[PDB]
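All remarks here apply to the structure that follows.
Ideal geometry is used to build each Cβ from the backbone, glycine not excepted, and the neighbour counts take in all protein chains shown. Values in this text are rule-based calculations from the coordinates and carry no lab data.
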4 protein chains.
Amino acid sequence: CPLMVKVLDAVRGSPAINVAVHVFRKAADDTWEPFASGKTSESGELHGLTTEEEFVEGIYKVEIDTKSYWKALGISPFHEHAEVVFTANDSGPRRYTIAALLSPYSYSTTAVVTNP
Amino acid sequence: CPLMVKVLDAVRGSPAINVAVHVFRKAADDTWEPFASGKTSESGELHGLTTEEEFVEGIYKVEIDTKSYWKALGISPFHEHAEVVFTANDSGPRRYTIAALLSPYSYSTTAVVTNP
Amino acid sequence: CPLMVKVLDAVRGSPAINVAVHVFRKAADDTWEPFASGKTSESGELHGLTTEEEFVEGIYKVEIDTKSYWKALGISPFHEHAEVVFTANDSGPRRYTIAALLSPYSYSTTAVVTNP
Amino acid sequence: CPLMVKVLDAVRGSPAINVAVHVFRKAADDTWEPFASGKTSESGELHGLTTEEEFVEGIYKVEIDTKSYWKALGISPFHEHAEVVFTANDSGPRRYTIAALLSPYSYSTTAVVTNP
Ligand SMILES: O=C(O)C(F)(F)C(F)(F)C(F)(F)C(F)(F)C(F)(F)C(F)(F)C(F)(F)F
Ligand SMILES: O=C(O)C(F)(F)C(F)(F)C(F)(F)C(F)(F)C(F)(F)C(F)(F)C(F)(F)F
Ligand code: NA
Ligand code: NA
């Protein structure tokens, strides 16, 4: 998969299920164009966002809707969302896993980048 | 001091010094309007961004220029920048500290919200 | 798998490969008895540490040999190891994933606990 | 102050107050000998653990009693405690800050090592 997102919940010790994720790509005019979106599964994973053909070079923003997640669980969190902004595929195609660990007042994120 | 930003470096075990930080406030048309900015000090801290009178309820974005930080140290980084997006809420404690811990492919951020 | 360990490298944006992991279990006399050990694979994962029969209730310590990992890469890190100490299976069998994200002067760890 | 410990709470967005912290030094027979201890203050900090004269090179372990902390707040935690194990090295900067960020199923820790 060229782009996968994985989200965990640090309060419950579980995957973070039904988290909305929106991906944007910076356009020539420097605006953020919608690129792909989806929801995490029961495993906390979101697959199928894009394809090798469509996932060209660019600056991408992965927005994880953490506030919506916490509020659906009846919790008032600090952040609106968790963002991950990065240049992709600038040395040719790579596979990216963007992982996030959520708490009500904190988040951590990391990337795993592999060459197929 | 209603808003302070603190940035640490997980590779060197040090404050992250001379990191550019930009704060934006979300406007009525949903655009991000410049609000305050500065560079972290030799302690990794950025004080004096705003005043109680200026820092009204609303949605704010703190952008930390991590890419330039890593490049000035000769290190190849993943992210363009780190973002922290949150709502200021008068009901909650009145001082906000936004802390971030930087690594080349990862960052962690937390909020410490307290009262005097 | 009743117990799995997954380790990532925040400097490289990769799995942390060939990381030694030692698991101990607290004995009746309050000493730490060796329980299982192994090394992470090319995916950063360590499977096969134990079995459902052997992984009884107890207090377990998962020691991840982070210093040995960094030193093998020619880096002088801060910590000797990363530890994770927890009571397991006290409400019946669970499956535990212990994840760690490594930097030279920092680490983060989380647990995912599921009921089979 | 050669050694300071700071503890934050990622659920409440606050310092972690009145957390017990024990520091041990590794002895010649590889056992852990009590070295210093205290409880974090209303700022989440524990100062005054040791002096320059007492804090010689060696391996130290900082145990943070996270389980009792979460229980006093009515929250079910995963870990027995959090540990930070490191070597003090006279070559490196002379002040050590050990920071930890707590969630029920996760913790992050970093070291900030600086000179006056
Ligand atoms: O030095 C401080 O006063 C501090 F703000 F507490 C801190 F040490 F920076 C910290 F916030 F604890 C921290 F180290 F940055 C952290 F542990 F919280 C972190 F690294 F986990 C995260 F990234 F969340 F800030
Ligand atoms: O299980 C996975 O494959 C995973 F979710 F991707 C993960 F490796 F666990 C992870 F999310 F990356 C993570 F490592 F657990 C993390 F994000 F939580 C972390 F790396 F930040 C921390 F340090 F917490 F482990
Ligand atoms: Na290129
Ligand atoms: Na029981």
Residue in the stretch A:62-73 that is more than 16 Å from ligand 2 (Cβ to nearest atom), within 14 Å of chain D (Cβ to nearest Cβ), surrounded by fewer than 22 Cβ atoms within 10 Å (Cβ to Cβ) and assigned to a loop (DSSP other than H, G, I, E, B) present: yes
Filter result (outside any strand (DSSP E or B) and within 14 Å of another protein chain (Cβ to nearest Cβ)) within the stretch C:1-27: C:10, C:11, C:12, C:13, C:16, C:17
Test: residue in the stretch D:67-80 that is in contact with an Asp or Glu (Cβ under 8 Å, 6 or more places away or on another chain), under 20 Å from residue C:62 (Cβ atoms) and of a type in the set (A, V, I, L, M, F, W, C): no
Residue in the stretch B:76-97 that is over 24 Å from residue A:102 (Cβ atoms) and in contact with a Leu (Cβ under 9 Å, 6 or more places away or on another chain) present: no
When residues of the stretch A:69-84 are limited to those that are of a type outside the set (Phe, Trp, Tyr) and in contact (Cβ under 8 Å) with a residue 24 or more places away in the chain, the one farthest from residue A:14 (Cα to Cα): A:84
Failed item, numbered, when residue C:48 is tested on (1) away from chain B (no Cβ under 14 Å); (2) surrounded by fewer than 18 Cβ atoms within 10 Å (Cβ to Cβ); (3) on the phi < 0 side of the Ramachandran plot; (4) away from ligand 2 (no atom under 16 Å from the Cβ): (3)
Which numbered condition residue A:88 misses (of (1) within 16 Å of ligand 2 (Cβ to nearest atom); (2) on the phi < 0 side of the Ramachandran plot): (1)
Residue among C:38, C:58, C:92 that is away from chain B (no Cβ under 14 Å) and exposed (fewer than 14 other Cβ atoms within 10 Å of the Cβ): C:92
Selection status of residue A:82, under 23 Å from residue C:43 (Cβ atoms), within 16 Å of ligand 1 (Cβ to nearest atom) and within 14 Å of the chain's Cα centre (by Cα): no
Of the criteria (1) within 15 Å of residue B:107 (Cβ to Cβ); (2) within 16 Å of ligand 2 (Cβ to nearest atom), which one residue A:104 fails: (1)
Selection from the stretch A:35-51 of residues that are more than 10 Å from the chain's Cα centre (by Cα) and of a type in the set (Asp, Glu): A:42
Any hit, the stretch A:8-26, residues being more than 29 Å from residue D:77 (Cβ to Cβ), within 16 Å of ligand 2 (Cβ to nearest atom), surrounded by 19 or more Cβ atoms within 10 Å (Cβ to Cβ) and touching a residue at least 60 places away in the same chain (Cβ under 8 Å): no
Test: residue in the stretch C:84-102 that is more than 16 Å from ligand 3 (Cβ to nearest atom), farther than 30 Å from residue D:76 by Cβ and not small (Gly, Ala, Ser): no
Of all residues in the stretch D:95-107 being at the interface with another protein chain (Cβ under 8 Å from one of its Cβ atoms) and among the aromatic types (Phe, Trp, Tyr), the one that is surrounded by the fewest Cβ atoms within 10 Å (Cβ to Cβ): D:105
Residues of the stretch C:106-116 classified as touching a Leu at 6+ places or on another chain (Cβ under 9 Å) and more than 19 Å from residue D:80 (Cα to Cα), total: 1
Pair list, Cβ < 7 Å and 6+ apart or interchain, from the stretch C:36-58 residues that are touching a residue at least 12 places away in the same chain (Cβ under 8 Å) and under 15 Å from residue C:97 (Cβ atoms) to residues that are within 16 Å of ligand 2 (Cβ to nearest atom) and polar (S, T, N, Q): C:46/C:40
The stretch D:79-101, residues that are under 13 Å from residue C:86 (Cβ atoms) and in contact with a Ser or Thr (Cβ under 8 Å, 6 or more places away or on another chain): D:79, D:80, D:81, D:82
Residue A:30 of a type outside the set (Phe, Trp, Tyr), within 14 Å of another protein chain (Cβ to nearest Cβ) and within 20 Å of residue A:80 (Cβ to Cβ): no
Residue A:116 vs. criteria away from ligand 2 (no atom under 16 Å from the Cβ), buried (at least 19 other Cβ atoms within 10 Å of the Cβ) and more than 20 Å from residue A:34 (Cα to Cα): no
Scope the stretch B:28-61; condition in a strand (DSSP E or B) and among the aromatic types (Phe, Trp, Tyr); matching residues: B:32, B:35, B:60
Which listed residue, of A:87, A:110, is more than 14 Å from chain D (Cβ to nearest Cβ) and either in contact (Cβ under 8 Å) with a residue 24 or more places away in the chain or farther than 16 Å from residue A:24 by Cα (or both): A:87
